[PDB]
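2 protein chains.
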Amino acid sequence: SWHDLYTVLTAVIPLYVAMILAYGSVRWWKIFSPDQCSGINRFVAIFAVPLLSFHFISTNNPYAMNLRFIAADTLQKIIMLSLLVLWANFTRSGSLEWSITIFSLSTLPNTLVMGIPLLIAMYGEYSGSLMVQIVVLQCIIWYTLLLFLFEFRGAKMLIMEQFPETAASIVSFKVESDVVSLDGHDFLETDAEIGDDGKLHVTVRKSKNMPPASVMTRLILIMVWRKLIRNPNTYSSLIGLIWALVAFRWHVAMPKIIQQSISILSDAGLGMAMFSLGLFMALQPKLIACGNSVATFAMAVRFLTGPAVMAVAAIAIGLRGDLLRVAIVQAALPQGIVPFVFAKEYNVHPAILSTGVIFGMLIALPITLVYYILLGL
Amino acid sequence: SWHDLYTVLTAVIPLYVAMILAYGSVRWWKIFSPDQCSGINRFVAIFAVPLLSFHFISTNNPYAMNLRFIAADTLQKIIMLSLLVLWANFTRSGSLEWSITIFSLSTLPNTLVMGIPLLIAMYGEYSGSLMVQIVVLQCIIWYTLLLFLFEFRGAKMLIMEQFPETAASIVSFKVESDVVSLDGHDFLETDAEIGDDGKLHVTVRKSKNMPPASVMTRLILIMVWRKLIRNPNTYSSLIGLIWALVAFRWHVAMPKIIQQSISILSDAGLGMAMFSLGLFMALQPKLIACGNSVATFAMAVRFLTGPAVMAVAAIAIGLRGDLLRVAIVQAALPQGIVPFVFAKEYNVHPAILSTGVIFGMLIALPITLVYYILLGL
Ligand SMILES: O=C(O)Cc1c[nH]c2ccccc12
Ligand SMILES: O=C(O)Cc1c[nH]c2ccccc12
């Protein structure tokens, strides 16, 4: 069915035209400076992607969500998390940063930018709705889980660097509001005060024992809240969900003035997202930025373990027909950007995630097609 | 008819939402650095505006152009040019830079970004087609005339600075291809060689008498060609005109793959144009950048002499009914950006054009409405 191939090409190749246009602008024609490219990327991440996410989340009703598809996706991610946990806590080389990066590679594809257009072209509008469900679920649950993991990593590094000898005695953390996140870019000073009852209180501000679960839970919860209240995508997804709920429970259409005020900048979503992705491709001196062997490992994870674990989860749940094919092909999408972002700010295998994103993007068509043809047999 | 007012507000206010969003991003929230803002602006000028112009020019057939409307616009501009010529050549204070800036203020509104949406909202789709006709005519003829004038200014300044005593003897100019334009940013060295027949030849490369009309014509023509072959809007308008001619003579629709490859970046046209305009508003330390008195003069010219000269030209030509109203209201639009751009690279009253553009943009609604209501009586 070469007509279906041409339809998929028509739907997907505009994104690559934009991406290659940006890549040539930075490499061939040198139209943009690195800081100008960074400015375009910042505009994208702050306005174009959050507004595109708001658009997609608001235009689908949460009450018609396919619960079985959601269960299949969450089961894939739960299987990945369980395997990673038992690998990290029962292995000599088991590690937390590797757990996070493997979770991102094997479970978090690019569902917003390329996923929705591609899957709509490949299967239909219902597939677009399913992809948007995956997008909302991912931005609300799994990116927040990534935030929890990254903040735990930062807190653990700070604890091991500040008070390793007697970290167990700490009972409460008080972080001044100036400390936005525990990324590690800024140095965080710590002071310890002994209480009347012999207890220890730690205060952290801007310049081998585990404390109780409650103390770390409090610290991570407050820090995660402080980073969520400053994440454009968090507000986008929340406000979109609330608006969708109210507008599909009471059938209330948004006023045309507000709808167009949002669309004027959301219409620049796909194009600017792909343009900034091309700018990033060009800026990076490498294309396989994490080494050939480990890059091959990351590609293999993304395009086999993602689809394979999604398949086992889907047949376990009971998905069949075009729904199972949509699930698997979605799992075979190129690795998402937001996990790469978090990896970059937290400097946790950022090269692996960059290679994932860009390389998979420009080899996502052959693999995704092969998947579609193979599943069609 | 407050419903018509609300429709105009719905059509126009999204642009101001984007513009104020950029203004706040640079001033209130300080999301963008000045160089990042410059990068966004450069992306706009190179991709979003040329692609938007290509879209608009290609989607209307040149064979259905309203010749009387075109004649009215060209008559307005011819009247302005004749008055400016007789003022500059028959007055003590008559000047060339003032001629160019007054022509830009009184004749070159923002017809692409705000003009088409506004006039479509106010009158209808045919008004959008008329505005696109004005856009194509302006980018092909009047911006090229601006280029001719600016290149003549630069050439005259170089002549007066290099060889004032015996400029009359020069017979031929030879500019090395490295010299892209005579803007004045780079210093241009000149060498004079006496020929066998007693003639003088000048060569200009990168570091009170008038020569014959032929020599200056040759120099200006070659320099204008060299700047046109590097203007994104020139290629946009040309290729759009050729495609429109071929696609409306043979009814040949563009392939969907190419159409979407172009649309993915042209869809970011209005939003990114207004976003960059807001970025420019914020970056400029002033809002009335050219002084209160001269800024008032520029606003008066823009919103009275433009509309008034357009009106006299339109009744002279024979426009009547909604066509005359569309002509006048279009003449009352805020001052265009491309003339401001040329003024900036040629450093010819750039503050006047900045004030024109931005100030008129955020006072274009009251004036344009007043015009619409007054013409409706
Ligand atoms: O991160 C991605 O690339 C895909 C994605 C899924 N949900 C999102 C929400 C906001 C921005 C991007 C995404
Ligand atoms: O310059 C303006 O702001 C309006 C306009 C008319 N014709 C144009 C062609 C390309 C870019 C802008 C314009």
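Quick mapping for you: the protein sequence lines, in order, are chains A and B.
Sequence positions in the first sequence follow the deposited numbering and run 3 to 209, 471 to 640.
Sequence positions in the second sequence follow the deposited numbering and run 3 to 209, 471 to 640.
Ideal placement from N, C-alpha and C gives every residue a C-beta, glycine not left out.
At which residue ranges does the segment 8 to 77 of chain B contain complete alpha helix (DSSP H) runs of 4 or more residues, listed in the order of the chain?
Runs of the alpha helix (DSSP H) inside the segment 8 to 77 of chain B: 36 to 45, 51 to 60.
Under three-state DSSP, which class holds B/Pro-119?
Note: B/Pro-119 maps to helix in three-state DSSP.
Hey, would you say the C-beta of A/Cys-141 is under 7 Å away from at least one heavy atom of ligand 2?
No, the beta carbon of A/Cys-141 sits no closer than 7 Å to any heavy atom of ligand 2.
Among the candidates B/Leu-533, B/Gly-126, B/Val-204, B/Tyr-125, whose CA atom is the shortest distance from the CA of B/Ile-161?
Closest option to B/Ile-161, Cα to Cα, is B/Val-204.
Contact criterion: CB-CB distance below 8 Å. Does A/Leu-7 meet it with respect to chain B?
No, no contact with chain B.
Does DSSP put B/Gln-523 in a helix, a strand or coil?
Three-state DSSP puts B/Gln-523 in a helix.
Residues in its own chain within less than 6 Å of A/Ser-108 by CB, not counting five upstream and five downstream?
Around A/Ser-108: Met-82, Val-564, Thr-568, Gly-569.
With hydrogens ignored, establish whether the beta-carbon of B/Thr-113 is closer than 7 Å to any heavy atom of ligand 2.
Yes - ligand 2 has a heavy atom lying nearer than 7 Å to the Cβ of B/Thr-113.
Which same chain residues, not among the five before or five after A/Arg-70, have their C-beta less than 7 Å away from its C-beta?
Within the same chain, A/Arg-70 has close Cβ partners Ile-580, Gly-581, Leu-582.
Which of the residues in the segment 149 to 160 of chain A, read from start to end, lie with their CB under 8 Å from any CB of chain B?
Cβ contacts with chain B: none found.
Tell me whether A/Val-173, by its Cβ, gets closer than 7 Å to a heavy atom of ligand 1.
No.
Cβ atoms of A/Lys-490 and A/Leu-149: under 8 Å apart, would you say?
Cβ atoms of A/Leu-149 and A/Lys-490: closer than 8 Å.
According to the Cβ coordinates, are B/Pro-119 and B/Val-14 closer than 8 Å?
The answer is yes: Cβ separation under 8 Å.
Closest to B/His-612 by C-alpha separation, out of B/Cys-553, B/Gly-599, B/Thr-631, B/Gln-593, would be which residue?
Measuring from the Cα of B/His-612, the nearest candidate turns out to be B/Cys-553.
From the DSSP output, in three-state form, read off residue 227 of chain B for me.
There are no atomic positions for residue 227 of chain B here, as chain B continues from 209 directly to 471.
Between B/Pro-597, B/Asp-180, B/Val-19, B/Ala-590, which has its C-alpha nearest B/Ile-630's C-alpha?
Here the closest residue by C-alpha is B/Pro-597.
Between the C-alpha atoms of B/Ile-636 and B/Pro-495, what's the straight-line distance to the nearest angstrom?
Between B/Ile-636 and B/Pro-495, the C-alpha separation is close to 38 Å.
Hey, is A/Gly-503 close to ligand 3, as in C-beta under 7 Å from one of its heavy atoms?
The model depicted lacks ligand 3 and carries ligand 1 and ligand 2 instead.
What residue does the alpha helix (DSSP H) around A/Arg-207 start on, and which one ends it?
Here A/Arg-207 belongs to no alpha helix (DSSP H); instead the beta strand (DSSP E) covers 202 to 208.
To be precise: take each residue of the segment 33 to 59 of chain A, compare its Cβ to all Cβ atoms of chain B, and keep it if any distance is under 7 Å. Which residues remain?
Against chain B - using a Cβ distance shorter than 7 Å - the residues of the segment 33 to 59 of chain A are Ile-33, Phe-34, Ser-35, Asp-37, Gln-38, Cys-39, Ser-40, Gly-41, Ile-42, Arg-44, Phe-45, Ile-48.
Does DSSP classify A/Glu-167 as helix, strand or coil?
A/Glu-167 falls in the coil class under three-state DSSP.
B/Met-544 CB to nearest chain A CB: under 8 Å?
Judged by the 8 Å Cβ criterion, B/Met-544 is not in contact with chain A.
Could you check the C-alpha separation between B/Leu-184 and B/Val-604 for me, to the nearest Å?
One C-alpha to the other measures close to 15 Å.
Which bits of chain A does B/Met-535 rub up against, with CB to CB less than 8 Å?
Within chain A, the residues near B/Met-535 are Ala-531, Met-535.
Rounded to a whole number of angstroms, what is the C-alpha to C-alpha distance between A/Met-562 and A/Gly-623?
About 7 Å.
Alpha carbons only, please: which of A/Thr-9, A/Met-116, A/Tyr-8 is nearest the one belonging to A/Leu-54?
Out of A/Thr-9, A/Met-116, A/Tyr-8, A/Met-116 has the C-alpha closest to the C-alpha of A/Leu-54.
Taking 8 Å as the CB-CB cut-off, is A/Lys-201 touching chain B?
Cβ-Cβ to chain B under 8 Å: no for A/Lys-201.
Report yes or no: is there a C-beta of chain A within less than 8 Å of the C-beta of B/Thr-146?
Not closer than 8 Å to any Cβ of chain A, the Cβ of B/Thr-146 fails to qualify, so no.
Should B/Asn-112 be labelled buried (16 or more other beta-carbon atoms within 10 Å of its own) or exposed?
Its Cβ being crowded by 16 or more others within 10 Å, B/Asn-112 is buried.
Any chance the CB of residue 355 of chain A is under 7 Å from a heavy atom of ligand 1?
A gap in chain A, from 209 straight to 471, means residue 355 of chain A has no coordinates in the model shown.
Restricting to Cα atoms, I'd like to know which of A/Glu-178, A/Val-182, A/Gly-186 is closest to A/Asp-193.
Ranking the options by Cα distance to A/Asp-193, first place goes to A/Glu-178.
With distances taken Cα to Cα, identify the nearest neighbour of B/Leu-190 among B/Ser-477, B/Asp-199, B/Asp-180, B/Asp-198.
The shortest Cα separation from B/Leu-190 among B/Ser-477, B/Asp-199, B/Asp-180, B/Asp-198 belongs to B/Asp-180.
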